[PDB]
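Chains as they are written, first to last, in our numbering: chain A, 1 to 349; chain B, 1 to 349; chain C, 1 to 349; chain D, 1 to 50.
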Amino acid sequence: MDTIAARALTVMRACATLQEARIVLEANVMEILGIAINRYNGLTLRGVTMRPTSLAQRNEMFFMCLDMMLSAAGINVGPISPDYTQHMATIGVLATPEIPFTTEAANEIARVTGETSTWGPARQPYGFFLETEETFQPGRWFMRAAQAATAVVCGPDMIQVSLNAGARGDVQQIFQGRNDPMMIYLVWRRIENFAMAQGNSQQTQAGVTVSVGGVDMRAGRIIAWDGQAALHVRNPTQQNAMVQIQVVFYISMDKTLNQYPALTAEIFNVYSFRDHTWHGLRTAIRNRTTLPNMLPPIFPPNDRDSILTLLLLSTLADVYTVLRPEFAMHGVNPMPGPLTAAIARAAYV
Amino acid sequence: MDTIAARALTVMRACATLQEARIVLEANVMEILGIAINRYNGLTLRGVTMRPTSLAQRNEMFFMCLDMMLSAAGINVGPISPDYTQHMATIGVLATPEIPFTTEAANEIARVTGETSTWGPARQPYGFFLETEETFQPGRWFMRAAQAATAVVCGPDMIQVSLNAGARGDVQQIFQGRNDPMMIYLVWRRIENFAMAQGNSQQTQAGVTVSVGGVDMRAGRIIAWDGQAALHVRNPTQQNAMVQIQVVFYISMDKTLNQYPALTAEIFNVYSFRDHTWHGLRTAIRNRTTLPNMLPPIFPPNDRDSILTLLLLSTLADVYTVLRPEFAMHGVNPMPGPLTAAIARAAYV
Amino acid sequence: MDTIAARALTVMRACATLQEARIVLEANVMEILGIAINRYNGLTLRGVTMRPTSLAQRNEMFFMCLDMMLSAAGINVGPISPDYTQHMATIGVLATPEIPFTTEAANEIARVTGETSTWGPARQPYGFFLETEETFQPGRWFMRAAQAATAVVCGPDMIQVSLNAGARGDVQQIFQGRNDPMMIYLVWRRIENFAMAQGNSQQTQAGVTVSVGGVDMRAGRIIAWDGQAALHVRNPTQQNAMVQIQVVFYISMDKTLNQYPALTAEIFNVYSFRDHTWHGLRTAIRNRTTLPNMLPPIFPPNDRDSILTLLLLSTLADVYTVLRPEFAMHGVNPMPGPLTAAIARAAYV
Amino acid sequence: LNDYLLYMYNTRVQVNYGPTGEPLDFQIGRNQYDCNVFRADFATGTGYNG
Numbered sequence: 001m002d003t004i005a006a007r008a009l010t011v012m013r014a015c016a017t018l019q020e021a022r023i024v025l026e027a028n029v030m031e032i033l034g035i036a037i038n039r040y041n042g043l044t045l046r047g048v049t050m051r052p053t054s055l056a057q058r059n060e061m062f063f064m065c066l067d068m069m070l071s072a073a074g075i076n077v078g079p080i081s082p083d084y085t086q087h088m089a090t091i092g093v094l095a096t097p098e099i100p101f102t103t104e105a106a107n108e109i110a111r112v113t114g115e116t117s118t119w120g121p122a123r124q125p126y127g128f129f130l131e132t133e134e135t136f137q138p139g140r141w142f143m144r145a146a147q148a149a150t151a152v153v154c155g156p157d158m159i160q161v162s163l164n165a166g167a168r169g170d171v172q173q174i175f176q177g178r179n180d181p182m183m184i185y186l187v188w189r190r191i192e193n194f195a196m197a198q199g200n201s202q203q204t205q206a207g208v209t210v211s212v213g214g215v216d217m218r219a220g221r222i223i224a225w226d227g228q229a230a231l232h233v234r235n236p237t238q239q240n241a242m243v244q245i246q247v248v249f250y251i252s253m254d255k256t257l258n259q260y261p262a263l264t265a266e267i268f269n270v271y272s273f274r275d276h277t278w279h280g281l282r283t284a285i286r287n288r289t290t291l292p293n294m295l296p297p298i299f300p301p302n303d304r305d306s307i308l309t310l311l312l313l314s315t316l317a318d319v320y321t322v323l324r325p326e327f328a329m330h331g332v333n334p335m336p337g338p339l340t341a342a343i344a345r346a347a348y349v
Numbered sequence: 001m002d003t004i005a006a007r008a009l010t011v012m013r014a015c016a017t018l019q020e021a022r023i024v025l026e027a028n029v030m031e032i033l034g035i036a037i038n039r040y041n042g043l044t045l046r047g048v049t050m051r052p053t054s055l056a057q058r059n060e061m062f063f064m065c066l067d068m069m070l071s072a073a074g075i076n077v078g079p080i081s082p083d084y085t086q087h088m089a090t091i092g093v094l095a096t097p098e099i100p101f102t103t104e105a106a107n108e109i110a111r112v113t114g115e116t117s118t119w120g121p122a123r124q125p126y127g128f129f130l131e132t133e134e135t136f137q138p139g140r141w142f143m144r145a146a147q148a149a150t151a152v153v154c155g156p157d158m159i160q161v162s163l164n165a166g167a168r169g170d171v172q173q174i175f176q177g178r179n180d181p182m183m184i185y186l187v188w189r190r191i192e193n194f195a196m197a198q199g200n201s202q203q204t205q206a207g208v209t210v211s212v213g214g215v216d217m218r219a220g221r222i223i224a225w226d227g228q229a230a231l232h233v234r235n236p237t238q239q240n241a242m243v244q245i246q247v248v249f250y251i252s253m254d255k256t257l258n259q260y261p262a263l264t265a266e267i268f269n270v271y272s273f274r275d276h277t278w279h280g281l282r283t284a285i286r287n288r289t290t291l292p293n294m295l296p297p298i299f300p301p302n303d304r305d306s307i308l309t310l311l312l313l314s315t316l317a318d319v320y321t322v323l324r325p326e327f328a329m330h331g332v333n334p335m336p337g338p339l340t341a342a343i344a345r346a347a348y349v
Numbered sequence: 001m002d003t004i005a006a007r008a009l010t011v012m013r014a015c016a017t018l019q020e021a022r023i024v025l026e027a028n029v030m031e032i033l034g035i036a037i038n039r040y041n042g043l044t045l046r047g048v049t050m051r052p053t054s055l056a057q058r059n060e061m062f063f064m065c066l067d068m069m070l071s072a073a074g075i076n077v078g079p080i081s082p083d084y085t086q087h088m089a090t091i092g093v094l095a096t097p098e099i100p101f102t103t104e105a106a107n108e109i110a111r112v113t114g115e116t117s118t119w120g121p122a123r124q125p126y127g128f129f130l131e132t133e134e135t136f137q138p139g140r141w142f143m144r145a146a147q148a149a150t151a152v153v154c155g156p157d158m159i160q161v162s163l164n165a166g167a168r169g170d171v172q173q174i175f176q177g178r179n180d181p182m183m184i185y186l187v188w189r190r191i192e193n194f195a196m197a198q199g200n201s202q203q204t205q206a207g208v209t210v211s212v213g214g215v216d217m218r219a220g221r222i223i224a225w226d227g228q229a230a231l232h233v234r235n236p237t238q239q240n241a242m243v244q245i246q247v248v249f250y251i252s253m254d255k256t257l258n259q260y261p262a263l264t265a266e267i268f269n270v271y272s273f274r275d276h277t278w279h280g281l282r283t284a285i286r287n288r289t290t291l292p293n294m295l296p297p298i299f300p301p302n303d304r305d306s307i308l309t310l311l312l313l314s315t316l317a318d319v320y321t322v323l324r325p326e327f328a329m330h331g332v333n334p335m336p337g338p339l340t341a342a343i344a345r346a347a348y349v
Numbered sequence: 001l002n003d004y005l006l007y008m009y010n011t012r013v014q015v016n017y018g019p020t021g022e023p024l025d026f027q028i029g030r031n032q033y034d035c036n037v038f039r040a041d042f043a044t045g046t047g048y049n050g
């Protein structure tokens with residue numbers, strides 16, 4: 001199955017090699033296409049040429065990559081064009097052990113299937129307290145009734161603790177319950193000048209100490225907190241004190257855009273416009289998938305199928321570029337006037 | 001044209017394989033360099049050997065890579081060295097169809113020319129309100145004369161609306177006119193404790209609602225906003241209320257650093273020092289380009305020629321590393337003492 | 001030495017190609033492994049097959065990849081398994097000239113040795129004022145005794161100057177002394193509504209100017225600052241003013257995650273779980289290095305040996321995925337189940 | 001079979017013998033391939049038919 005996808009990839013990547021009419025190919029290519037094309041036309045009956053020159057020959061080859069791309073993904077696009085029809089048989093061609101694939105493509109899939117099958121620690125892209133409903137003014141005093149120490153949020157990655165003179169207490173519970181962190185990296189500071197309950201300026205005297213799991217920690221230094229240890233703040237000072245604790249970044253098992261090398265660059269290449277023909281194509285293709293048809297996913301995907309699809313489409317995009325295919329598509333009305341940023345803008349719904 | 005570029009790239013990466021003298025080469029390489037060199041020494045009359053050993057043989061090969069690198073980027077550095085004379089006929093060599101290029105090289109150039117010619121949605125690196133002249137204190141009340149609801153910026157990615165008891169009004173106009181966003185991702189929270197015009201602490205009561213285009217949205221949840229729909233805030237509470245709205249990230253068709261796979265890592269490799277000989281060579285090359293000669297562009301380039309150039313240099317850079325070339329350069333004086341983080345720091349003007 | 005590392009990578013990436021039993025291999029692959037395994041079994045005396053099928057044949061090969069992966073990174077794990085024993089003769093195999101390596105591998109190593117042996121300007125990851133101990137409330141008036149202008153930090157990438165009516169003064173010293181920037185990109189704004197020492201709202205009148213090294217800069221525009229020039233702030237206005245200067249980002253010669261193309265994903269791959277047998281194997285190997293055995297280094301390494309290792313392990317991780325080896329490891333008690341997100345979480349100490 | 005897999009009237013191929021002196025231990029082929037498979041186990045029938 002992976003082998004299948006690897007082959008499909010190898011072929012499309014090999015088709016992108018066709019830039020000119022009389023150029024000579026890399027030994028590697030003439031070995032791949034020669035076989036592939038023959039086996040393809042063998043079960044497809046289409047007229048794919050090794051060196052397409054016309055346009056109908058180029059469209060044909062593109063339809064081929066398209067077929068292999070869709071197949072390798074497991075997509076049944078349905079009636080999307082009058083000029084193109086999808087041959088389910090392409091899957092059988094890709095299952096032919098006789099068609100070789102590149103080492104590059106081999107490892108490429110191995111990585112996807114490898115990581116997409118298991119979990120791992122990774123730097124989360126957004127602030128820790130991004131999903132909070134209530135936020136308080138940064139640098140302002142706030143003491144919840146009956147408490148000597150009051151921890152509270154003040155931003156997407158910021159919290160501040162209001163300690164009374166000589167007060168102490170745990171703060172960890174304001175962090176827990178959200179997400180499922182493995183290690184939270186903290187860096188606390190002293191709010192030297194903060195506003196009081198009335199508005200008057202106040203000073204935080206040096207001497208306040210923040211200890212994690214017992215051991216005392218310095219201010220302005222990153223701290224490896226396990227999220228479970230006791231986050232204890234003490235104020236031995238004879239005045240009101242306020243200290244801010246920052247979640248510089250945290251790591252969890254949720255997949256990020258760095259699960260696979262330059263995944264982002266690909267995603268962009270796929271969501272890109274090019275022209276109306278490509279636009280609609282790429283769209284209609286993703287309609288069958290869980291991925292958003294024309295606007296990047298808010299949250300990075302986590303399943304083999306999705307990741308794969310993207311890589312395949314990205315490659316098919318490059319193939320599209322080199323082949324310069326022209327053909328119809330349901331609901332796509334091409335505007336020939338030199339294409340600009342303005343026209344492209346409009347196309348996105 | 002793309003073919004010319006891909007060939008140049010292939011040759012450089014092919015030369016990059018020569019790390020030692022006796023080592024056996026991948027038969028694929030022997031074909032490439034066998035042809036390339038034969039047609040180069042024929043149209044340039046230089047003595048480049050496939051298996052260099054001396055040093056002058058190594059330099060000669062590098063000058064070739066440089067000649068191609070330049071010819072491919074369409075650059076004419078002029079008289080920058082007493083040892084090197086850029087022979088412009090290199091383009092003629094890079095146009096020889098008998099010279100093959102790698103599948104990798106093909107897909108590489110196809111990508112550059114691919115995205116460079118069209119637009120696409122990107123995550124955008126900086127904050128939405130980065131280019132604002134004015135800013136307000138985060139968490140402080142402000143009511144512009146005669147209004148009942150006043151939106152006001154308070155950060156690079158932050159705004160806050162001051163609502164009177166029972167007030168309501170649109171906010172969208174504060175976002176408009178800036179950049180060219182396609183989709184702005186929001187996440188609003190309630191500023192539970194803010195400062196009044198006088199300084200006293202005020203509370204925001206639960207009941208405030210923020211609706212996008214008519215539909216009511218929850219607090220602390222990311223929202224896909226097109227930027228045109230009505231961002232209407234309502235305060236059915238019998239007290240003053242202040243809410244903070246955050247632009248976690250937005251998307252626009254402006255090229256970012258993720259247009260081409262690991263563009264950043266490539267850039268770094270080019271802007272690196274290595275040694276003075278390299279440094280100056282690289283600078284002198286970029287003096288011909290619209291790209292900053294020794295400091296990362298603040299804004300990511302967006303044209304074929306730019307990106308293309310960078311890559312050709314990045315490769316030419318590795319070619320430099322492996323070959324270990326030694327030559328004179330006008331206006332550059334080599335300091336042979338071991339090279340330290342200090343010596344390099346000084347070379348960057 | 002570099003030649004040695006590339007060969008090891010070539011072999012590993014080649015072993016990854018064996019996804020199935022009867023699949024047709026690229027003539028290139030057979031030619032390589034044919035020599036590699038023939039010479040390895042000669043100096044090691046083990047039985048590795050080109051077309052492994054059983055399991056012991058699969059382990060034998062994986063062990064070979066491990067032996068090479070280690071020899072290349074220069075590691076000696078010692079007694080960590082009853083099934084496996086590291087042969088030091090493996091280094092002699094990776095030096096045998098008759099064993100070729102790919103163009104891809106050569107260009108991969110040349111990139112590591114390249115940027116690792118020198119420095120370069122790169123966008124730093126965290127905020128400028130991250131390693132600070134004291135922070136003040138953003139938007140609050142604070143004038144240090146006897147001064148007409150008082151600059152003070154209020155965020156990880158923020159500072160705010162408090163000017164008196166008709167006051168002027170240099171500010172550059174608050175930035176200096178930290179890190180070792182080459183260029184610090186700024187963008188200043190006028191705090192249109194700030195809190196006074198007492199709590200009342202105060203307006204900043206238009207007219208306040210900021211000039212770098214003499215020349216006057218606009219508000220809300222990015223400013224390339226060399227960190228040495230005179231950052232002067234003036235206030236010709238007849239009232240109290242407050243402006244915020246932001247360090248959007250800055251560049252320094254410290255290695256970042258973008259030193260090597262998509263290094264992030266390569267790291268994530270190695271730090272991923274897969275299964276207990278992997279987890280332990282990867283950990284036990286990292287115990288011989290300066291790298292954290294099971295959690296992403298907060299700070300991106302900067303030495304040849306460190307990065308080189310990450311790549312060899314990232315690749316060996318893929319080799320693991322494809323070969324599906326099964327063997328014992330001291331201290332590791334494998335749970336033969338299907339594996340869940342929970343079980344992986346628990347495995348990380 | 002053995003005697004004749006070993007009789008090369010053309011250019012010779014890599015014959016990587018096995019520790020056992022028993023016929024068909026080697027692995028002739030530029031891709032190896034056991035000839036040990038075509039041994040002769042009666043309980044398996046690994047060499048001859050079916």
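Think of the CB as a built atom: it goes at the ideal place given N, C-alpha and C, for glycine as much as any other residue.
Asked: Test item: CB-CB of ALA73 (chain A) and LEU312 (chain A) under 8 Å; Found: yes
Asked: Three-way DSSP call (helix, strand, coil) for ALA95 (chain C) in this model; Found: coil
Asked: Collapsed DSSP secondary structure at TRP188 (chain C) in the structure displayed; Found: strand
Asked: Against chain A: residues of the region 274-300 of chain C by CB proximity under 7 Å; Found: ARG274, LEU295, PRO296 and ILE298
Asked: Pair within 8 Å by beta-carbon distance, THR209 (chain C) and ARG234 (chain C); Found: yes
Asked: Cut-off 6 Å between Cβ atoms - residues of its own chain near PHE101 (chain B), not counting five sequence neighbours on either side; Found: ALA6, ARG7 and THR10
Asked: Close-in-space but distant-in-sequence residues of the same chain around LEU163 (chain B) (CB under 6 Å, 5 per side omitted); Found: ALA149, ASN235 and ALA241
Asked: Exposed unless 16 or more other CB atoms sit within 10 angstroms - verdict on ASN59 (chain C); Found: buried
Asked: Contacts that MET253 (chain A) makes with chain C (C-beta to C-beta distance below 8 Å); Found: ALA341, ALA344 and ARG345
Asked: First and last residue of the uninterrupted beta strand (DSSP E) at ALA241 (chain C); Found: 241-252
Asked: Residue range of the beta strand (DSSP E) that includes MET12 (chain B); Found: Per DSSP, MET12 (chain B) belongs to no beta strand (DSSP E); it is in the alpha helix (DSSP H), 2-15.
Asked: Per DSSP, cross-strand counterpart(s) of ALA195 (chain A); Found: A:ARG140 and A:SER201
Asked: Inter-residue Cα distance where the pair is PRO292 (chain A) and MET143 (chain A); Found: 45 Å
Asked: Where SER162 (chain B) falls: helix, strand or coil (DSSP); Found: strand
Asked: Buried versus exposed, by CB contacts within 10 Å (16 or more), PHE268 (chain C); Found: buried
Asked: Beta-carbon proximity list for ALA95 (chain C), same chain, < 6 Å, skipping 5 on both sides; Found: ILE4
Asked: Separation of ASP275 (chain B) from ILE159 (chain B), as counted between CA atoms; Found: 48 Å
Asked: Pairwise C-alpha distance: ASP216 (chain C) and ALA230 (chain C); Found: 11 Å
Asked: Buried/exposed call for residue 363 (chain A), threshold 16 Cβ in 10 Å; Found: Outside the displayed range of chain A (1 to 349) lies residue 363 (chain A), so it cannot be described from this structure.
Asked: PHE142 (chain A): contacting residues in chain B (beta-carbon distance under 9 Å); Found: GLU192, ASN193 and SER201
Asked: Closest residue to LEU130 (chain C) among C:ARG123, C:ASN107 and C:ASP157 (Cα-Cα distance); Found: C:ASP157
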